[PDB]
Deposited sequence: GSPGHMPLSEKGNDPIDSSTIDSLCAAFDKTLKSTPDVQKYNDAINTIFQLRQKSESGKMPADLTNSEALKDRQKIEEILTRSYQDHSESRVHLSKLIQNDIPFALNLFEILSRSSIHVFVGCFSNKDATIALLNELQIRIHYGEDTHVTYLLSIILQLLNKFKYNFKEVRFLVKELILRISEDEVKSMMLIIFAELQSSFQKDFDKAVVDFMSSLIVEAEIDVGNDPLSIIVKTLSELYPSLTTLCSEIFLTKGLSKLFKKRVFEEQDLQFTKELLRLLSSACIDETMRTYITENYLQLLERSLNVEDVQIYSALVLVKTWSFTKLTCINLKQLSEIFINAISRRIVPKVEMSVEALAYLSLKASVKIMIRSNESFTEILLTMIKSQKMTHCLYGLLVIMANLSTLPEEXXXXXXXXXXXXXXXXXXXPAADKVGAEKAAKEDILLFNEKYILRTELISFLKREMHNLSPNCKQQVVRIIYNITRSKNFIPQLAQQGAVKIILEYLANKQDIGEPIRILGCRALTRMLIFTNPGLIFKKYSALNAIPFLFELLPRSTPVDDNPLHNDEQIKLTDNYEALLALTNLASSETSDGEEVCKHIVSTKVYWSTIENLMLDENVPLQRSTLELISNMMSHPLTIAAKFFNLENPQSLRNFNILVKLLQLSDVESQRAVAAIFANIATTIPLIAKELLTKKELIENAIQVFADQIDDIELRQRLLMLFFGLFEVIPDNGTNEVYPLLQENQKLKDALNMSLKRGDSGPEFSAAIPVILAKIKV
């Protein structure tokens, strides 16, 4: 040792034991007293008699300083050490009320610390107990905070309901208060998906308690709590509420309180229910069968005219009453929405989004130019979120014009509104550059809102003239970017839209930036398919669409832009797209078969993409297609012969080798010759046929003698039919010099 060495020995043992007790307090977790010390200090404040009432030194308003200070000291002792954390939980669970008084006036974020001090579910019961209380008595100011503890207390444990069921009662019992009603929907959503029918029924059970109370004529005023709770929880538990809204005598009890009593305020409250219940076609009908006389006499007091009407509209009960008519009935919503009574502005839209379905209204609205202007402004600038859908729905029903041998006999009333509608649209939709406007806000529009934009556009395309202008405003952008999402009917309608537009516009002035192969997928959807449909439910693809899409499809081929080669390539390429156009080439239906031939015709101008499909001829497939074309050379439908002739005309020139090979083919030659002479009448058809001949003889050596070609060399029909052409007329400005050069090779 060192200390046992001397006249005053201290035996090194009394020294270890010494540093041991100096080392024990020097080895175990630092700053814990300080923390628990500071905490106790805070918890000292509690000694203020009346339930540790928070002395107003702290509550007040400028005291935010002194609080933030307390919230930190608490959080500290809580998130640094476990020992300090454990302390804070003991002092809190020890005086749970005070504990609550203390925290309430702290930040919302402080809750995680209060709850984080509750170790296991069991320990939280003395707590839920106070909570049922503070809530029931409505004494405590800050409900939002107490109920936020609830929501977190819930989300953090696995409760049994037998322990939280009190929420239903206590929360419903305060439905009147917006601070609660709000925290209720939340706390309820949880309770729902966590106790399903166990909750689902405890609610119906409580509510039943209220309807019984109202039946006996006892209570704080049941009926109101009920009505208010029903309308409020209707969206959340649609199914449920109805199972209560029906309840035998309830339907009576409401009415009695509304008739044999003023309660103007109660009345209004009921009308807010009737409207909230308008879900399944059943309730709507129920509401009519049971609450019609109400809605009727209600429309007398302004305080309940809007709430009444809206019900009559959303239920269609207006079609009964001898006191109003569609004209007046709607004037109410048009009246108010004229930058006036803001409280009505929203529901009058929703109302008018319906009424603007029966034309009587449609006509009416496109007349009142001012209202239309308010609406137009109401959509754009306004940025009145929820009012958009209806305003956009009204702006779809408004722009909706009816869809529609020789008749030289003697009716034309339909030219009335037709005109009006194409007027309206051009006036307020196209000029107001509204389509252009929507182009920008599109990204944000609610899914539903978007759809209305697709209808507005679709309604514009019904009349070709507008297509051009509607294009610069970015429509083809809208529709196409939309179609790049999800098999609903709206989609086949926006598809039709896209097609009508690509038919009447220039592929350059549009796909001058965002490529074209993007439109192809959509166009084909309006054509037949060998693949197991798309999504499947419900709307059909009329034959008229096959025609329309074909027209637009051809257009996108015409262009001699490098983009065109690109388009054509894509078509003849994608095995499915070609297997389709190939089949439609043999369609017995004429508009189809010709447009398809007109498509192929155009594609042929960018050879390397389709050529090998008809003029290869070493290929069974091409040869097949080759002969088909040679027969269609003599189709009744003259507009098709032109296309077929066109085809043969081009490649025969564009690719000499082929021309030479055609000199061998009989039926090709015999037909081309015949129709050429038997239909010299047609100007295009002959103009075409001549080119073929210019090109064919073009690969026929004159001095070459050695090898000759009869069918064209001789054939008096062609020979003389060539001369009849030569005998002035419409031989064409160019292809004239050819005629004699050609006879220069005949016998």
{"query": "Chain regions without C-alpha coordinates, deposited sequence numbering", "finding": "1-6, 411-414, 421-434, 511-513, 565-567, 778"}
